[PDB]
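Data block below; observations after.
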Amino acid sequence: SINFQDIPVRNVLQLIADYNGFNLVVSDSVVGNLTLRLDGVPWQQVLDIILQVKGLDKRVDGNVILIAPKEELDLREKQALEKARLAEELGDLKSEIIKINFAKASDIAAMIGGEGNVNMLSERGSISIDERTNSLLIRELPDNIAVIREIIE
Amino acid sequence: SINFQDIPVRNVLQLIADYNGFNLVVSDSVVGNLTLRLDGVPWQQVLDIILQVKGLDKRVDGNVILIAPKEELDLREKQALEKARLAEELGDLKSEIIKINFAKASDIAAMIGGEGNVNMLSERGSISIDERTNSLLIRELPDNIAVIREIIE
Amino acid sequence: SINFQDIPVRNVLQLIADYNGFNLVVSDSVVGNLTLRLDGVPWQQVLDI
């Protein structure tokens with residue numbers, strides 16, 4: 001039951017929203033204007049063909065839908081990835097000791113660390129062995145300590 | 001039954017659409033204008049000769065057809081490929097252990113990883129062996145872990 | 001039976017088309033204009049030359 005000529009994309013999207021569909025929101029200046037007429041069809045096909053040809057991309061948070069251009073979405077993703085990578089690179093390190101029983105600590109230190117950094121499950125720390133008491137002494141990010149501890153337990 | 005002189009490509013395409021063919025849509029400023037006259041022929045030959053000589057390219061989503069210049073299509077494809085390659089390059093790694101039975105873990109670690117990175121089925125992780133309990137310890141993207149797990153199972 | 005002076009290439013090509021030959025189409029601004037006259041010959045030789 002749709003026929004929109006020289007209607008902004010925001011307005012037709014708000015119509016699709018207010019038509020008993022799940023609530024959706026858009027950006028400030030998202031796409032612009034368009035013109036088309038269709039009826040007697042699912043929202044899936046029409047919405048997707050719009051968002052493919054001229055329309056932008058959309059994401060669902062579980063309940064409601066948001067629309068935006070792909071440029072801002074990819075920019076936000078790249079920002080988040082770079083933030084994660086840099087925060088995991090330059091962090092504050094912590095040092096502590098892990099007690100081992102039923103296995104030799106030298107074998108475990110050779111498996112967790114070892115030759116070269118590509119194999120190592122570490123970034124800019126380091127394992128050492130204490131043979132007298134069968135223990136490991138590790139210096140790394142306080143987030144990698146927990147996964148290492150769970151695995152070697 | 002077609003004779004269109006100084007008729008925009010959008011208008012003749014909307015005519016071909018409204019002629020009981022499968023619904024089709026175009027971009028904002030796709031091709032432009034043209035002029036030709038033909039009759040008593042299949043839509044396949046006429047549509048293809050138009051889209052070859054001056055017309056642009058088209059894609060079908062299963063039900064309806066979309067038209068656009070080849071430049072935007074190739075640009076979209078290159079964007080998608082670059083996004084996939086960069087996301088698979090710089091991802092967050094995960095580390096976990098795979099238990100092996102009926103085969104030696106050293107042989108399997110030599111087959112899955114091995115000499116050089118070209119042979120390896122990995123990108124910027126790594127296998128290690130734990131001989132005491134016949135196990136592998138892998139650090140890679142949480143998407144490659146599933147295929148590796150299925151194969152070595 | 002052809003004699004075209006200052007006739008665009010599009011027009012002589014549409015003539016060769018509408019002369020019971022197989023349908024042909026051209027681009028927007030393909031070649032331009034020309035002038036020549038010939039008769040009693042195959043379409044192959046004239047079209048190719």
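Labeling convention for the structure tokens: chains A, B, ... as they appear, residues from 1 per chain, ligands from 1 in order of appearance.
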With 12 Å as the limit and counting only C-alpha atoms, what residues in chain B lie close to chain C? Please list them as a ChimeraX atom specification. /B:6,31-39,41,45-46,48-55
Near chain A, which residues of chain B fall within 7 Å when you count only C-alpha atoms, and what do they look like as a list in words? residues 27, 125, 126, 127, 128, 129 and 130 of chain B
As an exercise, work out the distance from CA of residue 29 in chain C to CA of residue 70 in chain B in Å and give it to one decimal place.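 Going from CA of residue 29 in chain C over to CA of residue 70 in chain B, I get 19.9 Å.
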Would you mind listing what lies within 8 Å of range 59-63 of chain B as a PyMOL selection string, with only C-alpha atoms counted and same-chain residues fewer than 3 positions away left out? chain B and resi 22-23+66-67
Check the DSSP output for the backbone and give back, as a ChimeraX atom specification, the residues of chain C in strand (DSSP E or B). /C:2-8,33-38
May I have the residues within 12 Å of residue 35 in chain C as a ChimeraX atom specification, using only C-alpha atoms and disregarding those fewer than 4 positions away in the same chain? /C:2-9,11-12
Mind giving me the straight-line distance from CA of residue 139 in chain A to CA of residue 109 in chain A in Å, one decimal?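 Spanning CA of residue 139 in chain A to CA of residue 109 in chain A is a straight-line distance of 12.8 Å.
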Do you know which residues are at most 12 Å from residue 43 in chain C counting only C-alpha atoms, after dropping those on the same chain fewer than 4 positions away, and could you put them as a ChimeraX atom specification? /C:1-2,13,15-17,19-22,38-39,47-49
Create the file for the chosen residues now, containing C-alpha atoms and written as a PDB file, in the first residue's frame.
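Listed below is the output, part-v4.pdb:
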ATOM      1  CA  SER C   1      21.409   0.161 -54.275  1.00  0.00           C
ATOM      2  CA  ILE C   2      23.269   2.351 -51.776  1.00  0.00           C
ATOM      3  CA  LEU C  13      23.877   0.910 -40.418  1.00  0.00           C
ATOM      4  CA  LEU C  15      19.501   0.920 -43.333  1.00  0.00           C
ATOM      5  CA  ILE C  16      21.641  -2.218 -43.641  1.00  0.00           C
ATOM      6  CA  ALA C  17      19.664  -3.558 -40.670  1.00  0.00           C
ATOM      7  CA  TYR C  19      17.124  -4.296 -45.380  1.00  0.00           C
ATOM      8  CA  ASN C  20      16.033  -7.806 -44.185  1.00  0.00           C
ATOM      9  CA  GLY C  21      19.407  -8.437 -42.550  1.00  0.00           C
ATOM     10  CA  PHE C  22      19.835  -9.572 -38.974  1.00  0.00           C
ATOM     11  CA  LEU C  38      27.897   1.069 -54.190  1.00  0.00           C
ATOM     12  CA  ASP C  39      25.452  -1.500 -55.544  1.00  0.00           C
ATOM     13  CA  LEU C  47      30.223  -4.077 -44.427  1.00  0.00           C
ATOM     14  CA  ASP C  48      33.746  -5.352 -43.800  1.00  0.00           C
ATOM     15  CA  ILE C  49      35.454  -2.723 -45.957  1.00  0.00           C
TER      16      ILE C  49
END
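Between CA of residue 5 in chain B and CA of residue 17 in chain B the interatomic distance comes to 18.3 Å.
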